[PDB]
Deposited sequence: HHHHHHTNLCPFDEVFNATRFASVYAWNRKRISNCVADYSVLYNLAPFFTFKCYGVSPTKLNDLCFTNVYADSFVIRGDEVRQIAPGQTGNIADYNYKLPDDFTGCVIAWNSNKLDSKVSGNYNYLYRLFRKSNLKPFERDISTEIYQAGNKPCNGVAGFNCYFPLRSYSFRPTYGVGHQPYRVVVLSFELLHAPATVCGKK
């Protein structure tokens, strides 16, 4: 329809892993920001370089909607100027980021009794990510001097790990669905 498809991003049945975060390009549509941004207190909502109460008045070239899942203690990393394994190796925002970050506890959707090992994050990388860079490579990381030749072993680790989201975990280990809206689509 005429409205911007923010429904297909926030309400998607499955979210992407943070190391392979999805991006949705949103252009040439009308958005009801104030209505869809009027979130309840159980939402983590932080905006940068722009006020939420002014988005219904501005127009932008494009609005990128990035979505992924991390654990609760890593939500603070989804912000400009942050460091850590998620901000450096998985999803890096620029220092002059203009947009909003939305997060909510999704323990009832992404955690499994036997463990939801489906969500992954990158643990090792030779250098940090550039802003908005996506690295889905899983080549055997060489932490030493001997070449790995794609073979696992000593000083040669698989660069990815799993979250294994279980409902019995504490909030710091519970899954959180994250949507990052980048502004550079008129609000109405």
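Counting from residue 1 of the deposited sequence, the stretches lacking C-alpha coordinates in this chain are 1-6, 191-197, 202.
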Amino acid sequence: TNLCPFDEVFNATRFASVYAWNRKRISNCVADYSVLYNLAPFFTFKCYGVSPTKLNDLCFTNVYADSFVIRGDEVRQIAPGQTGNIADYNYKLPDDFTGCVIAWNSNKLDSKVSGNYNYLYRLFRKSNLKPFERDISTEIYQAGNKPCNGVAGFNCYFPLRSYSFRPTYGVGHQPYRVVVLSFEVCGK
From here on, numbers count along this sequence of modelled residues.
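Set 129-137 against 26-34 and average the Cα temperature factors; 26-34 ends up higher.
A summary of the deposited B-factors shows that, of 40-48 and 141-149, the stretch with the larger mean C-alpha value is 141-149. Per the deposited record, the Cα B-factor of residue 70 falls in the lowest third when ranked against the other modelled residues of its chain. Ranked within its chain, residue 154 lands in the highest third, by CA B factor from the PDB record. Among the modelled residues of the chain, residue 123 sits in the middle third by CA temperature factor in this PDB entry.
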